Amino acid sequence: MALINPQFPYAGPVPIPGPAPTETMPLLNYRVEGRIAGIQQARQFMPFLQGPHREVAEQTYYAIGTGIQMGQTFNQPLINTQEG
Amino acid sequence: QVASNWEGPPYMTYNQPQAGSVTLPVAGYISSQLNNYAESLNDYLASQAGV
């Protein structure tokens, strides 16, 4: 967006020496076929386990029984003959 | 399966007094209650036999 100087104008570009025209043109680089080499193993001996863990520990229980329940020799009360 | 006279296992509850039971009465006392005496013996034997 330059302003044209009317007192000192200039013309378009003139030819100048050039950079040997084939040396600015590249070759198209020619890929050969390739292979991810080797026979891959199916599994890996991992350093960490792959499953979930638990944040807190919960107390577990198992039921037990008591035993054969016996009789008893109670201390027996007195007879309510109007004193009680 | 409930029984109206079942107080628990009879070899464990036969000599056991009841809950409040400061002094126990006798189950019968011609001179006193007679058919209440006979039904207090039938209710005890029904507890020891389980209906």
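A, B, ... follow the sequence lines: proteins, then strands. Residue 1 opens every chain.
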Side chain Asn15(B), main chain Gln72(A), donor-acceptor under 3.5 Å: yes

Proximal component of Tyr14(B), with respect to chain A [non-hydrogen, under 4.5 Å]: neither

Please find the pair of heavy atoms, one from [X] and one from [Y], that lie closest to each other, and give the distance.
X: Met12(B); Y: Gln69(A); value: CE-CB, 3.7 Å
X: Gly84(A); Y: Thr23(B); value: CA-OG1, 4.0 Å
X: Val22(B); Y: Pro77(A); value: O-CB, 3.6 Å

Are there more than 12 heavy atoms of other residues, nucleotides or ligands under 6.0 Å from atom [atom1] of [X]?
X: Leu45(B); atom1: CG; value: yes
X: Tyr10(A); atom1: OH; value: no
X: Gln7(A); atom1: CD; value: no
X: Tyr11(B); atom1: OH; value: yes

Same cluster (ILVMFWY, side-chain, under 4.5 Å), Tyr29(B) and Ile79(A):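 They do share one cluster, since a chain of ILVMFWY contacts under 4.5 Å joins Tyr29(B) to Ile79(A).
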
